[PDB]
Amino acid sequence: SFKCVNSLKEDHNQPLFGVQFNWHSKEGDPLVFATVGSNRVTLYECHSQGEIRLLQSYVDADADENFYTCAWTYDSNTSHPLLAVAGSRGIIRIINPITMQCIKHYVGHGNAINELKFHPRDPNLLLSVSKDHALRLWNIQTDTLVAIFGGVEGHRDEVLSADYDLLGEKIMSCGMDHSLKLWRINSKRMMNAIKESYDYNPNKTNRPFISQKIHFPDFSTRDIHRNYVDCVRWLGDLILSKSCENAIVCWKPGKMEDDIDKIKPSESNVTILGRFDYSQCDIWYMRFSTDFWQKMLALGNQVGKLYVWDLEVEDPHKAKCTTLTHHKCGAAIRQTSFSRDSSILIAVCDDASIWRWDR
């Protein structure tokens, strides 16, 4: 049971394109989420009786910046959390969430960054996906660009989403060219590059750091969706992905029995294991999310309805759907986020509203 306990509206009236709970917060500290929209990022604290305590924002000096996405990590030496933000200017900002100071930034991308993700096992490895058709992997410890995943066989239009698998050995990306593409980062070459990125200190050498140019995916398919693929997530070795066709497909590369690590780039088949249908979500840039454990799946649609899927069933097609509505919630939900313990679900909207659902 989720019940709606509170809502609010940010003062800029622009779309909130993203929301992330900090899953690296300390034991005993209150639960905290960031929202991104307009040219800002804002942090809030969850307290009892549905209260959403407004903390502090970071506002970009450029009036024309528009933040699209954010991701949490932490400093690897001090335990302290960090929040990365990015959007239309194609600039990644690493923000100290306590003071909201911009610690540092990365340029390179030829255009808008549509999503950011951190590696599940290495808090320094930041993946950005761009409107310039490419993904980039950054080491935010040594401030190095580890690799660009692109080229003619990479995406031929905007990359909209990507996700590391559980161990962070491979990436799956999706975008406007209707395709989902796989990029392994556990090859000798990539493990070497990450290692070399850690040994790099510009003060102690003469060389620039050389990026990898990865121009070939380890698998590709245009067979799942017939429009823009705007969100992707690993579910073990299986994939969850959506287009703007009111469906989330659960699928895998190759045939039913094929091992994901034995899939070759020539692979021609995919296997569909289920599809979760819903209504009125035919605009693009609409992201579902999952809880920490991947027991559930949340997606908002374009008229303010929420869909939650219970994934704690023995095959993906057996997922149990439930819905959450509120008569005052009628604007489009761009993204959802669960607290780490899944007691709270947050939805953020095109009219700048923030909706809080408690279990």
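Numbers for residues come from their place in the sequence shown, where the first is 1.
Trainee: Tell me which of 309-317 and 58-66 has the higher mean C-alpha B-factor in the deposited entry.
Mentor: Mean B over CA atoms: larger for 58-66.
Trainee: Between 14-22 and 339-347, which has the higher average C-alpha B-factor in the PDB entry?
Mentor: Per the deposited B-factors, the answer is 339-347.
Trainee: Given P97, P120, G108, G87, identify the residue with the highest C-alpha B factor in the PDB entry.
Mentor: Spelled out: the listed residue with the top C-alpha B-factor is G108.
Trainee: Using the entry's values, work out which of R334, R40, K328, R53 has the largest Cα B factor.
Mentor: Among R334, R40, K328, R53, the highest C-alpha B-factor in the entry belongs to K328.
Trainee: Please rank the C-alpha B-factors of the chain's modelled residues and tell me whether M191 sits in the lowest, middle or highest third.
Mentor: Ranked within chain, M191 CA B lands in the highest tercile.
Trainee: What third of the chain does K255 rank in for C-alpha temperature factor, lowest, middle or highest?
Mentor: For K255, the deposited C-alpha B-factor lands in the highest third.
Trainee: Taking the entry's C-alpha B-factors for this chain, is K213 in the lowest, middle or highest third?
Mentor: Highest third of the chain for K213's C-alpha B-factor.
Trainee: Please place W183 in the lowest, middle or highest third of its chain by C-alpha B factor as given in the entry.
Mentor: It falls in the bottom third of the chain.
Trainee: Using the B-factors in the PDB entry, rank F2's C-alpha atom against the chain and give the third, lowest, middle or highest.
Mentor: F2: CA B-factor falls in the highest third of its chain.
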